[PDB]
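**Q** Sending over a structure as structure tokens; questions will come in a sec.
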Amino acid sequence: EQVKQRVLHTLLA
Amino acid sequence: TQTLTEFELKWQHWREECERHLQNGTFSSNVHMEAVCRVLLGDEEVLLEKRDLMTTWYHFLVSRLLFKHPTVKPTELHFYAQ
Amino acid sequence: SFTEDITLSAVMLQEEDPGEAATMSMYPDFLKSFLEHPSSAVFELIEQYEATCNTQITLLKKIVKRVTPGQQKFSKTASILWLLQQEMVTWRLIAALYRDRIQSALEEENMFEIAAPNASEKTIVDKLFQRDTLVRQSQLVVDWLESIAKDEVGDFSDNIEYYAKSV
Amino acid sequence: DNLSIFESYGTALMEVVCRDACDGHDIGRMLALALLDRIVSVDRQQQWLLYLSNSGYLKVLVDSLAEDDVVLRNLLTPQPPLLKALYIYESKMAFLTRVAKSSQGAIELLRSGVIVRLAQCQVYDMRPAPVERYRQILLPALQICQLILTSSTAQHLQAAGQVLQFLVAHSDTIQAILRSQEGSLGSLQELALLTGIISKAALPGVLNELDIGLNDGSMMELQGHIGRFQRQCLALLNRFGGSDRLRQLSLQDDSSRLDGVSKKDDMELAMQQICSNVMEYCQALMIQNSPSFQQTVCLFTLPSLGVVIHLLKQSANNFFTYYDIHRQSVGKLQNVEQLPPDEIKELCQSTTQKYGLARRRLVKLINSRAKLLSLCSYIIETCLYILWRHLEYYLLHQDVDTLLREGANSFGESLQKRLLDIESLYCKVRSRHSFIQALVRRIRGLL
């Protein structure tokens, strides 16, 4: 879940 | 939810605030406010000067526990009582 | 509203299949939406069926995104998510075509001018805008399919701008 | 249907069984706690859980944990009077662990003050078989805490605050464990879970709002714990990022069974975890903290800052090591996958359960490998983002030497195929063009 959240933040960037 | 150790740290910090106000002479113009601030520090001489307000040694015990030993254990009570 | 949403999400987490129960709970809402408002303006009803589907699709998309890749347990939920997306876009299709076919039936009432002095395209199309019962509808199918692709944000776009800054 | 039958009796059967599980005697208590553990696991409705909480049995079970401090002191002895107490404790911790897996259960445990009561226990400060036993105590206690809070809801963030209070209350023991040069997988798991808890609990936002009643000091304590976490986290790069990697992996080869293989797998897990979490923590600190952007002081020429360059060199070296290992793990996983029902028949030529267990082992392999995968994806991402903004800043503001070293390493980043199987399982490539943009900002910056 933490990895998925980090990926989502990277996509938002 | 507060632990006895978190309480003891807040209590020590509050006591250092009381002591700083006394050392700065904040109450030097009012002997009664200075006496109350010395009571908050658990000053045994000032607590004994106020014996007539406590009337009993066991009230004096509980006031000493409040201002010096707020986390006292049951096993240590006899020593403070005596 | 935050307490009721937490209780429903927590109740669905006790069901053996939260996806199947989320599909089942919508059956009365679909019937109610069909009944409720008058026959003359069903459309607003179809827009509300689309909105109800979109609400559950958004919830299921959040669930599927939180799952670690490789749990076979969510294959059925991913299939139901796709089927609910197909239901939502089918309601949108019905609203577009039946409004438009219904519009021609109850609105091509006014008319009438053959040709134009100008050879300008705009004037030719304005004259022939009424006159084709096939064309107009083909452009509505194009506009509908362009609207689906618009909803479908593939969205690396901003990060794609990061990928190659104007430079 | 079974749950309907349990309900059908009424809160009468549930009360009698739960009361007897609490304070019966030895065996019966242990079995009753186990039964409760099992019933609460199949409690989709979570009625039993509601009854236990409303009737006060859950509180009694939590209060009874303070009973074992004396038992632990007596047990640290060479000869143990009775292992019965250990089994009750296990059943109890198992049941509590089961209750903690529930999103609500974690909240109810927090309301009941489980972390506060664990923070009062002195048994955790008596680090010495006896050493193994201290180890096991630590295991259950910390277990419950971490698992709970993590699987805990986002709204219950204080979970992180209470757990941090627990880590700080036992800072000597925790620092001793973080300084222990132990190749055992267990120590790595302890470290992985702790680094995870610290990564989520030690947010500088928790120290500022903690000044309401504890005040100027609670902030310093908070900053102190955080600074220690930071140093211990950086020391892990020399252990797991240097020539000692080969010695830790070779001392376990004196005997490598399937067990040893999986042990090394999760050693890698740790390597991964312990730091993904720490890197996350760094990234979060940078996005909120923004790397002291407001300060105009030169970042590059009390602490030191070459430390950053070292970290950069180390992380760049570790990346290639991790990448090679990740690629090797994927091949082994593919080989395990190749094995079919036909492989079991060939083995038979029980062979079938050998394959049951074989599949077990290989899927454990899958777990570890995918774990590693995510870990390194994240690793790469982090290195990048950091180094990117780092060099961005540096630009304006040694630079030639850094650029030359960077260009040489960057070429050598060859693999320099970035792969696409974890990526094909994961969603879109935030390693591709996001990483490509990072390279344009940095490799071009090196040029």
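Residue numbers (this note's numbering), protein chains in the order written: chain A, -14 to -2; chain B, 168 to 249; chain C, 151 to 317; chain D, 2 to 448.
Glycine is no exception: its CB is placed at the ideal position from the N, C-alpha and C atoms.
1. Answer with yes or no whether the minimum CB distance from C:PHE180 to chain D is below 8 Å.
2. Does the separation of the CB atoms of D:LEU238 and D:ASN368 fall below 8 Å?
3. Can you tell me whether C:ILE264 is helix, strand or coil according to DSSP?
4. Where does D:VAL430 fall in DSSP's three states?
5. Determine the chain D residues that contact A:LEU(-4) at a beta-carbon separation under 9 Å, and present them in chain order.
6. Compare the C-beta of D:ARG45 with all C-beta atoms of chain C and state if any pair is closer than 8 Å.
7. Could you tell me whether any Cβ in chain A is nearer than 8 Å to the Cβ of C:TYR312?
8. Determine the direct distance from the alpha carbon of D:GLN47 to that of D:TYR90, and round the result to whole angstroms.
9. Select from D:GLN274, D:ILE423, D:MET287 and D:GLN224 the residue whose C-alpha is nearest the C-alpha of D:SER330.
10. According to DSSP, is B:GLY192 part of a helix, a strand, or is it coil?
11. For D:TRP49, count the other beta carbons within 10 Å of its own beta carbon; 16 or more makes it buried, fewer makes it exposed. Which is it?
12. Is D:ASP126 closer than 8 Å to D:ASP64 when the C-beta atoms are compared?
13. Determine, using beta carbons only, whether A:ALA(-2) and C:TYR312 come nearer to each other than 8 Å.
14. Quick test of your reading: C:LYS277 and C:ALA266, contact by CB under 8 Å. State the CB separation rounded to the nearest angstrom.
15. Short of 6 Å in beta carbon distance, which residues of its chain neighbour B:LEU189, apart from the five on each side in sequence? Order them along the chain.
16. Touching or not, the segment 282 to 295 of chain D and the segment 369 to 389 of chain D, by the rule of three or more beta carbon pairs under 8 Å?
17. Looking at C-alpha atoms only, which residue of D:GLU222, D:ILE444 and D:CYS276 is the closest neighbour of D:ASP400?
18. Would you call the segment 236 to 249 of chain C in contact with the segment 197 to 210 of chain C, where contact means no fewer than 3 C-beta pairs closer than 8 Å?
19. Reducing DSSP to helix, strand and coil, say where C:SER189 ends up.
20. Looking at the C-beta of C:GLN164, does it have a partner C-beta in chain D at a distance below 8 Å?
21. In whole angstroms, what is the alpha-carbon distance linking D:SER103 and D:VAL41?
22. Is the CB of C:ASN260 under 8 Å away from at least one CB in chain D?
23. Do three or more CB pairs link the segment 136 to 155 of chain D to the segment 101 to 121 of chain D at distances below 8 Å?
24. At the level of alpha carbons, what is the spacing between D:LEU194 and D:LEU37?
25. Hey, would you say D:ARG431 sits closer than 8 Å to A:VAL(-8), going by beta carbons?
26. Can you pull the chain D neighbours of B:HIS180, defined as C-beta to C-beta under 8 Å?
27. What are the start and end residues of each continuous alpha helix (DSSP H) run of 4 or more residues lying completely inside the segment 11 to 87 of chain D, in chain order?
28. What is the DSSP secondary structure of D:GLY197, counted as helix, strand or coil?
29. Apart from the five residues on each side of it in sequence, which residues of its chain come closer than 8 Å, Cβ to Cβ, to D:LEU306?
30. Alpha carbon to alpha carbon, how far is D:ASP44 from D:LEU4?
31. By the DSSP assignment, the alpha helix (DSSP H) with D:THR352 in it spans what residues?
32. Whole alpha helix (DSSP H) runs in the segment 146 to 228 of chain D with 4 or more residues, listed along the chain?
33. Within a Cβ cutoff of 8 Å, which residues of the same chain sit near B:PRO237, ignoring the five residues on either side of it in sequence?
34. Can you pull out the residues from the segment 150 to 172 of chain D whose beta carbon lies closer than 8 Å to at least one beta carbon of chain B?
35. If we ignore side chains and look at the alpha-carbon of each, how far apart do B:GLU216 and B:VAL206 end up?
36. Any C-beta of chain A sitting closer than 8 Å to the C-beta of C:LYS215?
**A** Short version:
1. Output row for C:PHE180: interface = no.
2. no
3. coil
4. coil
5. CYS428, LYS429, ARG431 and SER435
6. yes
7. The beta carbon of C:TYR312 falls within 8 Å of a beta carbon belonging to chain A, placing the residue at that interface.
8. 23 Å
9. D:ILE423
10. Three-state result, B:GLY192: coil.
11. buried
12. no
13. Between A:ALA(-2) and C:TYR312, the C-beta spacing is below 8 Å.
14. 6 Å
15. Sequence-distant partners of B:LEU189 (beyond 5 residues in either direction) whose C-beta falls short of 6 Å from its own C-beta, in its chain, are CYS204.
16. yes
17. D:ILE444
18. yes
19. helix
20. yes
21. Straight-line spacing of the CA atoms in D:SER103 and D:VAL41 works out to 10 Å.
22. no
23. Judged by Cβ distances under 8 Å, the segment 136 to 155 of chain D makes contact with the segment 101 to 121 of chain D, as three or more pairs qualify.
24. Between the alpha carbons of D:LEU194 and D:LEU37 lies a distance of about 27 Å.
25. yes
26. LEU215, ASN216, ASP217 and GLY218
27. 12 to 24, 28 to 42, 48 to 55, 58 to 64 and 69 to 76
28. helix
29. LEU300
30. Straight-line Cα distance between these residues: approximately 7 Å.
31. 352 to 397
32. List check, alpha helix (DSSP H) in window: 159 to 170, 172 to 180, 186 to 202 and 206 to 209.
33. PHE174, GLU175 and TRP178
34. Interface annotation for the segment 150 to 172 of chain D against chain B: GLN163, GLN166 and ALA170, criterion Cβ-Cβ distance under 8 Å.
35. 10 Å
36. yes
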